[PDB]
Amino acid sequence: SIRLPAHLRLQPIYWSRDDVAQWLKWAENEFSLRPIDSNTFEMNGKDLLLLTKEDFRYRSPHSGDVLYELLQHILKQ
């Protein structure tokens, strides 16, 4: 399963700068990722959807790709 927090139930396109932060915070706990500096993902959803797997790795060499695939799944659903 996946189960996303209440607030993030909406399509990624409408996510606010803060939503994206809650999504990172959530993701960290859910998949037991190493904490990343949220100061690296300052942006809403629209632009986030414009990042390549490579941009994610840049902002987080440890969980970047997991975060990318995660996002890809949330959409594909």
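From 1 onward, residues are counted along the sequence shown.
**Student:** With respect to the recorded C-alpha B factors, which stretch has the higher mean value, 27-35 or 40-48?
**Tutor:** Taking the mean B-factor of the alpha carbons in each, 40-48 is higher.
**Student:** Place residue 53 in the lowest, middle or highest third of its chain's C-alpha B-factors, as listed in the PDB entry.
**Tutor:** Within its chain, residue 53 is a lowest-third residue by C-alpha B-factor, going by the deposited values.
**Student:** Ranked by Cα temperature factor within the chain, is residue 12 in the lowest third, the middle third or the highest third?
**Tutor:** Middle third.
**Student:** Sorting by Cα B-factor within the chain, modelled residues only, which third would residue 75 end up in: lowest, middle or highest?
**Tutor:** As the PDB entry reports it, the C-alpha B-factor of residue 75 lands in the highest third of its chain.
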